[PDB]
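Next come the chains, spelled out residue by residue.
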Amino acid sequence: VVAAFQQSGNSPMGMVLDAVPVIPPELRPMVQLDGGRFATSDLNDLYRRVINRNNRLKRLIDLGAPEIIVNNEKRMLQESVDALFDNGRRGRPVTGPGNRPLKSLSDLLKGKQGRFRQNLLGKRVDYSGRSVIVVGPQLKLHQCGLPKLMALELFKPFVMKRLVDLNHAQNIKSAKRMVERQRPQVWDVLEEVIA
Amino acid sequence: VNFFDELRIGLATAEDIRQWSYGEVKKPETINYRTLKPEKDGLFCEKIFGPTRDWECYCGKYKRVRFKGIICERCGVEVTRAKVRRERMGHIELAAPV
Amino acid sequence: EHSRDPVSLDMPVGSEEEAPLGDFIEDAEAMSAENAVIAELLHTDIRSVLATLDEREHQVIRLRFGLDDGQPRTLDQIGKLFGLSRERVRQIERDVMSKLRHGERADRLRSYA
Amino acid sequence: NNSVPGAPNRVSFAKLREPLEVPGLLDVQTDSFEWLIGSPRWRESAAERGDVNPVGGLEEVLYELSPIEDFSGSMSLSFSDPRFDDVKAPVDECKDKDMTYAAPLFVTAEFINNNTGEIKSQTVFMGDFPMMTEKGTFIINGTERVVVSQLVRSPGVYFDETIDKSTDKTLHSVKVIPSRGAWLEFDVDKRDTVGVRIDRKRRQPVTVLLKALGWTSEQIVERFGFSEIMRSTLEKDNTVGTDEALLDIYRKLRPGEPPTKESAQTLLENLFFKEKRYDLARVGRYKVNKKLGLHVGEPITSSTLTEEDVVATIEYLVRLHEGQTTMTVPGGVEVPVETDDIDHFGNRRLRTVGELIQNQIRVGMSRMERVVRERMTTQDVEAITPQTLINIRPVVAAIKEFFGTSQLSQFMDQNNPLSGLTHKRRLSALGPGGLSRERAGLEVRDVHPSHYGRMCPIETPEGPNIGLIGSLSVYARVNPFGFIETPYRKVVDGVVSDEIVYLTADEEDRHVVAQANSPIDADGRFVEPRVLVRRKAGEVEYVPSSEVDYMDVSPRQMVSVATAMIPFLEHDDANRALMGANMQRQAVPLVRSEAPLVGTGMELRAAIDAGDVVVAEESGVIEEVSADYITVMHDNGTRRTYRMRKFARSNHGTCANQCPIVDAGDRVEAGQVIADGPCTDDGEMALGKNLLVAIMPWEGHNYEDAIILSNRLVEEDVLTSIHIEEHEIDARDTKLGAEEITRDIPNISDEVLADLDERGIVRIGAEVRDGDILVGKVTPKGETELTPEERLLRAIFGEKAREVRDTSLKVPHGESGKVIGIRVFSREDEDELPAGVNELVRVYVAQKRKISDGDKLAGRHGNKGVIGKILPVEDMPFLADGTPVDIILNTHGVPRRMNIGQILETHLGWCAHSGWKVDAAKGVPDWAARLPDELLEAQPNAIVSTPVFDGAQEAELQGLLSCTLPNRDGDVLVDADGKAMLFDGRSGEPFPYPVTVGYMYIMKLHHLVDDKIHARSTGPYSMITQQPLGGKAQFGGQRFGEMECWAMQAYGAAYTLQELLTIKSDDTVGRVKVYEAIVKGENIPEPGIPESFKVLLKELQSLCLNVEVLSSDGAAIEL
Amino acid sequence: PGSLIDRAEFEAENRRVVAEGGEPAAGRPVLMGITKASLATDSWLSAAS
Ligand SMILES: [Zn+2]
């Protein structure tokens, strides 16, 4: 351990923090669900705890009080930061609802729901679909049969460009409306665009 | 562009946090109860993190689109897209080390 | 309504692989297709159509609504800038709207309403 | 022997008479709740059963709770005598109005003040109670709810055993498992430290605890003298002295606290003997008494552990270690010594609806009691009354929470009557208070020799929940203590007795039980000296016909209700039978139902007890019958009208119709079916239609489980089904204003709004297509400056801004059909709506689906398939007389899957359809000796039944196939082998070899293609992750997992993976740019950086980890 | 000593040190499971998953 620190060229002081960072709000959004029932991530609660502890500590220092209360406040602030960075890593985890632990800051990375394993589980992609498969013995080895509904909904941008190109629709908005309504003019272009 | 030879991880120091943060969070308020807007120096302040709506100002003095990178002197909020709100960071000033 | 604790997004929803509620909230704005094609193509077709009108009238519209520099010029203000009277701008706008509703301009801009 | 009056007559190949008729299939669900609430019927049933003292469930929870009192002793409250009130509204109104079917209950609370010795009593309201309808279901918020029984390990003592890996010496471990309290683990280790692990604490010698209970050392020596290891441990313990032992126990449990004799004694009493902190359910105490054979001569009143029990447990452990076969304790009878089995059904009790609701109300009542005791400790003692002392909120909250969120309170699946009936009789081993999928081992998921007759070994989920979910066998009845029982008719001295007796697992495992199939003389004498016998430990072996003690009732005693209606189940493999039984519960009710030609005898009873057929309550004569209702005049002069719900949506989207099957002026006997619900043909279950099957490969269109169908099924609506969707929108008040429903909508053409009526909702009977407007509502708008051209056009056209936005409900993607009904609730009309809601309207859309390619069909033998093609009627192979076959099944999947029962059913179905006439002029043939006298002839299209495990033998089918009647043309189509010479529908020439033909019963599963098809090009995107996401209006994207990524990497395709992971998944600007490129002529640009990596970097920086990407030079790069 | 070092790097370092007169280091081949080999030779980014 000591040699790892020595060869680094940095200093061990980085372990003792003097200013914690806060993630951008979009990573901890506060959205309104239908019915005016607000929804927010527990990161907001943890940050509120830390901010309140720090402000109270500043107020105590400014006012001046026996060292016992100041030490208790500092201990509370330390515990608040600890709970922010990880829940259950030390002591009793904090629980607001139904004795449910709050998802700590480091919890976005570790566990089945962590970012690393979630990335390892893959993403979700556009221009895709699924359906039941039925044997077709009339096809060549390099062919497959796509239902025309799925093909229309999946090839829509190419179809709409060709539709405007052929002058069936005046503009992209009209072509999109035509595809949505599935006018009879669309099938010829759809068969033409997936040659 | 996309020339990433290496990606290293180091132990951040107080000065790194100071210089990689665009503001300080000095109050716990998140959002106003009635007007539904971020509160000053709060966890969602536009002054710190960015405008809620693209090319829009907190006070509306520079609500026009043709104002890029101009910080409004009336409220100090930059005029850029809302996607910046997903990027910019802030830091809290611990009264005692932890 | 003011006495309910906000629901936590990390709460598992529907037992759908215990994916959090936060995972199912749409951005609710910044629609791709709308701003991608429709809005910009409307802007380009307008730059073509309104330009096909009288260039002086194109500048009049630019200053009237603020296509370039905002600052929608009122009737009196635009008349002062062009040296005309406050009462002419109403007829100018009437002519512009009459022109925009005929010819290929209508063909192009029938949508977007 | 049709028990019901007006059953259809279907002769059966039944060679054995069943002495006992199937009991009520919903009796398990109904009896538990009947016990819970406490009703005269349950009381008289229990009195008949011999239960000396009947105590109801509610008066067993709120009588054990009482009397609540303060520690000072000046206050003590009691409340008993729980009685209910009449239900609020009928089930119909509760289901339609969205109310909850319930009834209030009152308990008389007697308040007594010790100091003054006064009394105050009056009825106390305790909230509404969710009563159970006659179908054994709960109507919660207008939705049908079913609570499934749970399998749990009964409280008691379990003497497990583990073998040392190194020493190879037996280690006997004992475990005491209370319903609530500490656990005692008296284990024996190699070091011989026989110790107790209280609440999973540190091990401490049993001698120390025993002396801590006031047990003298000389008593240890004399009682445990026979034991050597126990004596050695006694001689080895260092700490001595009752005070020392108590203080040591206190330190071990609660170290760092003032050690005193009084404190330790109080702690021990609170931990073990205090009723509140420690309690064994009555079943637990009974099982402990039976195991140790103590306190067996009196009813159980004390339900808490006692020192005698602990000493007896220690003695049992040491005796077992010594190898003793049996032990005796003073005051108790001799009992065997052997280790217990956890999976044994003599140890796994069943807690039905009554037990679960009792536990929940007990929790709520205990919370209420805590609040009450605090309030009475604080509130004034002069003017106190129990009315102001009880707090009803916690108990109602607990009941509502249980019925809403509990994992054992599930939506009743309503694909068909069979699905609901199976759901009610389920035995789920998981859920709150039970094991979890991950933590549960794989050993509990297997079958046990004790499941015979209690839990069906076949019916079970196919998915990961295999072995944790089962079903009661047909004849099983649950014991008051919760242990499942089965009927056995005792044989006294080799003569079988008519009278039956119900035996639980233990009683069965102390006896010799024969098999029903055993040849029995008409006088009850066993013809075979050696009768097959099932005895303890699952052993099966022959025994002399005198040692046998009990015999089964029916061969169908080991199968569930769903598995009991698979003809020729004895010829299908276990996995195929499981698949068929599971698929029978997914069948969709067709427009026109048809009973099977071949089917077991369970159809009618299943239909009757499912509750989906209206059955005349009393005998009478029908006055007038209409499509809606039917009125029958009872013989006593009282008329009763039955209302038949029609086209009512079920829980899973199907339709439930009830068509009367009686005519005016017809006398109906009591208990006779009056109308047929979904999946019923004249009051007997009918999940599918009879189709003419030809078994052969045909041009590869039925290749590898695919199915070919005739277009005649589509054109004749043989497999047509009705599905009803349901949509709803609500107008909730907002801060900016109040949302309203109106016909006027901002900037929409009048044609699109033509179908709406003056109130703003679609008119009934109007065809509604995909994306069409269903109800028009306008929401208030704030302030938003319009875009240049939008505002300019608004000014030009004269159309004002019309700030109010458009939020009208519209038909989701992939929906259609008529609008059968609309239901609107308004706060103005005094309707109960959720807070903040004034107007709520729900529209029902009905769609008629005809079978198409991609839909699933399946027979009763677990042979699924997807419709590969639907050939024209002129392309199908046709019999010699011109009859085309309705469906073709490949022959390569029949012998590999090993479900020959399919072919047997096909042959018997052809024989039934054609009708037969067994020659008897010369005498009954040899193969027909055992056939019933009424089964030697059958008219064409007759109905026949083959009961499971006792039906038509192979010789019977071989004989019948050679005696079928000829067609109207006077020619016999099928040969003696069951094969016929078909003609090719395309070539027109006969097939070279004969093909198997016959009528098979085909069901239509609910895995319809219309629901499965999904497609996406561009739609809504998530907020936190910015990945594709959305509802059915814009289907979400298909996940591209790591295994797919590995598959793409193996090919070497680097650009395809880059696109799939960057340009169409996460790149916020890349998605817009590529969509621009496609819609225009330009090329697709270069992908950027995924948001899933910028997010990772910001999240990692937030942990004070300086993460920075650097180039070869090492310079940091910006992202 | 006692630390697993890849053969290529080990040999290269041994050659470099010996070329200047440094004494050689004595090592013997050893096999290890798939899990340990993966953990030893991989990026921290890929190791965290
Ligand atoms: Zn400003």
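The structure under discussion appears in the preceding block.
Along every chain, residue numbers run from 1 in sequence order, not necessarily as the entry numbers them; residues that have no coordinates are omitted. Just so you know, chain letters begin at A and ligand numbers begin at 1, following the order they were written in. Every figure given here refers to the displayed chains, which form just one part of a larger assembly. Computation of side-chain values covers all heavy atoms of the structure but excludes hydrogens and water.

Enquirer: Would you explain the overall build of chain B in this entry?
Expert: When its secondary structure is counted, chain B shows 1 helix and 2 strands. From first element to last, N terminus to C terminus, chain B shows the α and β order β-α-β. Projected onto the principal axes, the alpha-carbon positions of chain B cover approximately 40 × 40 × 20 Å. Excluding contacts between residues fewer than 6 apart, the proportion of contacts in chain B whose partners are at least 24 apart in sequence is 46%. Only the protein chains shown count as cover for residues, and the accessible areas themselves come from Shrake-Rupley with a 1.4 Å probe. When the accessible surface of chain B is totalled, it reaches about 5,600 Å², and 52% of it is carbon and sulfur. Residues counted as positive are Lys and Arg, residues counted as negative are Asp and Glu, and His and the chain ends are not counted. In plain terms, the charge of a residue is placed at NZ if it is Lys, CZ if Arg, CG if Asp and CD if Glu. Positive and negative charge centroids in chain B, built from 20 and 15 side chains respectively, lie 10 Å apart. Only DSSP runs of H or I with at least four residues qualify as helices, and only runs of E with at least two residues qualify as strands; both kinds are numbered from the N terminus onward. Should any heavy atoms of two residues lie within 4.5 Å, those residues are counted as being in contact.

Enquirer: I tried to follow the pattern of salt bridges on my own but got confused; where do I start?
Expert: Between side chains of opposite charge, pairing is possible as soon as their charged atoms come close. Residue and element names in this part refer to chain D. When a carboxyl oxygen of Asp or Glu is within 4 Å of a side-chain nitrogen of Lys or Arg, the pair counts as a salt bridge. Enumeration over the complete set of coordinates arrives at 62 salt bridges over all chains. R10 is paired through a salt bridge with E684; the nearest N and O atoms lie 3.8 Å apart. You can see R10 sitting in the segment before strand 1 (11–12) and its partner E684 sitting in the loop between strand 34 (675–676) and strand 35 (688–695), a full 674 residues away along the chain. Per residue, the accessibility class of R10 equals that of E684, and both read buried. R41 is the salt-bridge partner of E34, the closest N and O atoms lying 3.3 Å from each other. Classification of residues uses two cut-offs on accessible area relative to the type maximum, computed with a 1.4 Å probe and protein chains only: under 20% is buried, over 50% is exposed, and between them is partly exposed. Residue classification places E34 among the buried residues on the basis of a relative accessible area of 15%.

Enquirer: Would you take a moment to explain the interface of chain D and chain A for this structure?
Expert: Interface size, as often reported, equals the accessible area lost upon joining of the parts. On the side of chain A, 46 residues touch chain D, which itself brings 51 residues to the contact. The junction of chain D with chain A conceals about 4,700 Å² of combined surface from both sides, 62% of it contributed by carbon and sulfur atoms. If you look at where chain D meets chain A, you find 2 salt bridges. One salt bridge connects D126(A) with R1016(D), and the closest N-O pair in it is separated by 2.7 Å. Any pair of N or O atoms that falls within 3.5 Å is considered a polar contact. Within protein, one atom must be able to donate a hydrogen and the other to accept it, and sequence-neighbouring residues count only if both atoms are side-chain atoms. Applying the counting rule to chain D against chain A returns 13 residue pairs in polar contact. Summed over both partners, the accessible area (1.4 Å probe) lost when two parts come together is defined as the buried area.

Enquirer: Sorry, what's going on with the coordination of the zinc ion here?
Expert: Angles at a metal have ideal values that depend on geometry: 109.5 degrees with four tetrahedral donors, 90 or 180 degrees with six octahedral donors. All names here are of chain B. Around the zinc ion, the protein supplies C57 (SG), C59 (SG), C72 (SG) and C75 (SG) as donor atoms, at distances of 2.3 Å. Donor atoms are limited to N, O and S found within 2.8 Å of the metal ion, a distance that becomes 3.2 Å for Na, K and Ca. With water left out, some sites might look partial. In short, tetrahedral needs four donors with all angles between 85 and 135 degrees, square planar needs four and octahedral six donors with opposite donors over 155 degrees apart and all other angles between 65 and 115, and whatever is left is irregular. Each of the 4 donor atoms around the zinc ion contributes to a set of angles spanning 94 to 116°, which defines the coordination as tetrahedral. By relative accessible area, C59 is classed as partly exposed at 31%. On the basis of relative accessible area, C75 is assigned to the buried category, the value being 9%.

Enquirer: Would you take a moment to explain the sheet that holds strand 27 (residues 620–625) of chain D for this structure?
Expert: Whether parallel or antiparallel, the strands of a sheet pair through hydrogen bonds between backbone atoms. Residue and element names in this part refer to chain D. Pairing between strands is defined by DSSP: at least two bridges between them are needed. The strand order 29-28-27-33 describes an open sheet built from 4 strands, whose pairing is antiparallel. The open sheet has two edge strands with one neighbour each: strand 29 (639–643) and strand 33 (667–668). For strand 27 and strand 33, the ladder comprises 2 bridges, and the chain directions are antiparallel. Paired with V621 across the bridge in strand 33 is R667.

Enquirer: Quick question: what am I supposed to make of the sheet that holds strand 37 (residues 721–734) of chain D here?
Expert: Strands sit in the order 38-37-45-44 (chain D) across an open sheet of 4 strands; the sheet is antiparallel. Taken across any chain shown, the strands that pair with only one partner, and hence form the sheet edges, are strand 38 (737–738) and strand 44 (818–826) of chain D.

Enquirer: Sorry, what's going on with the side chain of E315(D) here?
Expert: Turning to its location among the elements, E315(D) is positioned in helix 11 (residues 307–322). In this structure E315(D) touches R223(D), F224(D), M327(D), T328(D) and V329(D), once residues within four positions along its chain are discounted.

Enquirer: In this structure, what is going on with the arrangement of the chains? I would like to understand it.
Expert: In this assembly 9 pairs of chains touch, with chains A and D having more contacts than any other pair. In this assembly chain C lies apart from chain E, the nearest approach of their C-alpha atoms being 19 Å.

Enquirer: So what exactly am I meant to see when it comes to the environment of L305(D) here?
Expert: Residues and elements named next belong to chain D. With respect to the helices and strands, the residue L305 is situated in the loop between helix 10 (282–292) and helix 11. For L305, a relative accessible area of 6% translates into the label buried. Through-space distance from the C-alpha of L305 to that of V288 is 9.6 Å; in sequence the pair is 17 residues apart. Residues contacting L305, with those up to four places away along its chain left out, are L184, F272, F273, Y278, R285 and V310.

Enquirer: Teacher, can you tell me more about a positive patch on the surface here?
Expert: Think of a patch as exposed residues, more than 30% relative accessible area, with no salt bridge, where like charges cluster within 9 Å and nonpolar side chains (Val, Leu, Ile, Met, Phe, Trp, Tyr) cluster within 5 Å. The grouping of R64(B), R66(B), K68(B), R81(B), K83(B) and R791(D) at the surface amounts to a positive patch. Locating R81(B) in the fold gives a position in the loop between helix 1 (14–19) and strand 2 (90–91).

Enquirer: Is there a simple way to explain the nonpolar core in this structure?
Expert: One recurring pattern in soluble globular proteins: nonpolar side chains tend to sit buried together. Residues and elements named next belong to chain D. Nonpolar core, defined: a set of buried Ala, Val, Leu, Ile, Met, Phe, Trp, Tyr and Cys residues in which side-chain atoms within 4.5 Å join the residues together. Core analysis: the largest hydrophobic core is formed by 50 residues, its most contacted members being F33, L58, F129, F138 and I357. Ranked by residue count, the leading element in this core is helix 12 (residues 353–378), at 8 residues. Leaving out residues up to four positions away in the same chain, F138 has contacts with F33, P130, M131, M132, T143, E144, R145, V147, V353, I357 and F403. Residues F13, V918, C963 and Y999 belong to the second largest nonpolar core, which totals 43 residues.

Enquirer: Looking at this model, I keep getting lost on the packing of helix 2 (residues 42–63) of chain A against helix 3 (residues 67–85) of chain A. Mind explaining?
Expert: Two numbers describe a pair of packed helices, the interaxial angle and the distance between the axes. Residues and elements named next belong to chain A. At their nearest, the axes of helix 2 and helix 3 sit 9 Å apart, and the two run at 160° to each other. With respect to helix 3, the element helix 2 is oriented roughly antiparallel. For helix 2 against helix 3, the interelement crossing comes out left-handed. When helix 2 is examined against helix 3, the residues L46, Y47, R49, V50, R53, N54, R56, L57, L60 and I61 are found in contact with a partner set consisting of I69, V70, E73, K74, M76, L77, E79, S80, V81, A83 and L84. For the contact of helix 2 with helix 3, the class distribution of residues is 13 nonpolar, 2 polar and 6 charged. For helices, the fitted line uses only the C-alpha atoms of the stretch in contact; every axis is such a line through C-alpha atoms, and the angle between N-to-C directions lies from 0 to 180 degrees. An angle below 35 degrees is read as roughly parallel, one above 145 as roughly antiparallel, one from 65 to 115 as roughly perpendicular, and any other as oblique. Left-handed describes a crossing whose near helix is turned anticlockwise from the far helix by less than a right angle; the clockwise case is right-handed. Residue type decides the class: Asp, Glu, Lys and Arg count as charged, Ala, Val, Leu, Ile, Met, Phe, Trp, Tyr, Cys and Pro as nonpolar, and the leftover types, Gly among them, as polar.

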